[PDB]
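Novice: protein_38.cif is the file, holding mmCIF, C-alpha atoms:
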data_model
#
loop_
_atom_site.group_PDB
_atom_site.id
_atom_site.type_symbol
_atom_site.label_atom_id
_atom_site.label_comp_id
_atom_site.auth_asym_id
_atom_site.auth_seq_id
_atom_site.Cartn_x
_atom_site.Cartn_y
_atom_site.Cartn_z
ATOM 1 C CA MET A 1 103.365 92.670 113.739
ATOM 2 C CA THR A 2 106.143 94.470 111.866
ATOM 3 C CA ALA A 3 106.027 98.203 111.151
ATOM 4 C CA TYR A 4 108.623 100.218 109.236
ATOM 5 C CA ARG A 5 107.973 103.959 109.024
ATOM 6 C CA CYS A 6 110.731 106.231 107.717
ATOM 7 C CA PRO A 7 109.741 109.161 105.462
ATOM 8 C CA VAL A 8 113.385 110.250 105.533
ATOM 9 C CA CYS A 9 114.068 107.748 102.752
ATOM 10 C CA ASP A 10 110.707 106.633 101.363
ATOM 11 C CA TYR A 11 106.988 106.625 102.159
ATOM 12 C CA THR A 12 105.856 104.528 105.123
ATOM 13 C CA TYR A 13 103.507 101.557 104.790
ATOM 14 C CA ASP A 14 102.805 99.073 107.583
ATOM 15 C CA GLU A 15 102.133 95.411 106.802
ATOM 16 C CA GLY A 16 98.521 95.735 107.911
ATOM 17 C CA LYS A 17 98.318 99.225 106.429
ATOM 18 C CA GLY A 18 96.918 98.019 103.117
ATOM 19 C CA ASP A 19 98.612 100.111 100.440
ATOM 20 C CA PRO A 20 98.105 98.280 97.117
ATOM 21 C CA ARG A 21 98.921 101.552 95.359
ATOM 22 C CA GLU A 22 102.623 100.949 95.994
ATOM 23 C CA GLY A 23 102.451 97.500 94.429
ATOM 24 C CA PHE A 24 101.981 96.019 97.893
ATOM 25 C CA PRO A 25 98.337 95.065 98.568
ATOM 26 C CA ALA A 26 96.931 93.686 101.821
ATOM 27 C CA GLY A 27 98.976 90.799 103.187
ATOM 28 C CA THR A 28 102.107 91.881 101.333
ATOM 29 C CA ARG A 29 104.855 91.484 103.931
ATOM 30 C CA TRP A 30 107.478 94.217 104.276
ATOM 31 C CA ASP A 31 110.028 91.613 103.193
ATOM 32 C CA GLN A 32 108.217 91.479 99.851
ATOM 33 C CA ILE A 33 109.648 94.868 98.889
ATOM 34 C CA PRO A 34 112.949 94.606 96.973
ATOM 35 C CA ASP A 35 116.003 95.889 98.843
ATOM 36 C CA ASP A 36 117.148 97.276 95.493
ATOM 37 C CA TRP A 37 114.251 99.738 95.420
ATOM 38 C CA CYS A 38 114.894 103.139 93.841
ATOM 39 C CA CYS A 39 113.750 106.275 95.664
ATOM 40 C CA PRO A 40 114.470 110.033 95.607
ATOM 41 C CA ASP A 41 115.352 110.391 99.289
ATOM 42 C CA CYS A 42 116.410 106.817 100.047
ATOM 43 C CA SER A 43 118.750 107.229 97.076
ATOM 44 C CA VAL A 44 121.155 108.824 99.554
ATOM 45 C CA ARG A 45 119.704 107.403 102.769
ATOM 46 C CA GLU A 46 120.281 103.722 103.535
ATOM 47 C CA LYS A 47 117.233 101.463 103.834
ATOM 48 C CA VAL A 48 118.307 100.254 107.278
ATOM 49 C CA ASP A 49 117.952 103.849 108.467
ATOM 50 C CA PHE A 50 114.307 102.995 109.142
ATOM 51 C CA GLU A 51 113.067 102.681 112.725
ATOM 52 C CA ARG A 52 110.665 99.947 113.830
ATOM 53 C CA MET A 53 107.806 101.216 115.996
ATOM 54 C CA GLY A 54 106.568 99.742 119.263
ATOM 55 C CA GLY A 55 103.171 100.849 120.511
ATOM 56 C CA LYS A 56 100.170 99.214 122.165
#
Just dump the structure as structure tokens.
Specialist:
Amino acid sequence: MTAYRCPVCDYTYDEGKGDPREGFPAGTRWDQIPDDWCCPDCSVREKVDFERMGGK
């Protein structure tokens, strides 16, 4: 599964995390989020700055 966690730009929410509060309920793929999203931190930090995890 995909996991993008980077608080340096914006809150972190994994695909299977289930965070419908951010307009992304269960099932909502990370690709669903618009690349043109507006954030306070990310405003200056690129979105690609994120770092995919890799645990067991």
Novice: Of the residues A:26, A:1, A:6, A:42, which is the one nearest to residue 55 of chain A, using only C-alpha atoms?
Specialist: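 Of the candidates, the smallest distance to residue 55 of chain A is held by A:1.
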Novice: If the PyMOL selection byres ((chain A and resi 15) around 8) is run on the structure shown, which residues does it catch, given as an MDAnalysis selection string?
Specialist: chainID A and resid 1:3 13:14 16:18 26:30
Novice: Taking 5 positions as the minimum chain separation for residues in the same chain, which residues sit within 12 Å of segment 47-49 of chain A when counting only C-alpha atoms? Answer as a list in words.
Specialist: residues 4, 5, 6, 7, 8, 9, 10, 11, 12, 33, 34, 35, 36, 37, 38, 39, 41 and 42 of chain A
Novice: How many Å lie between atom CA of residue 24 of chain A and atom CA of residue 44 of chain A, rounded to one decimal?
Specialist: 23.1 Å
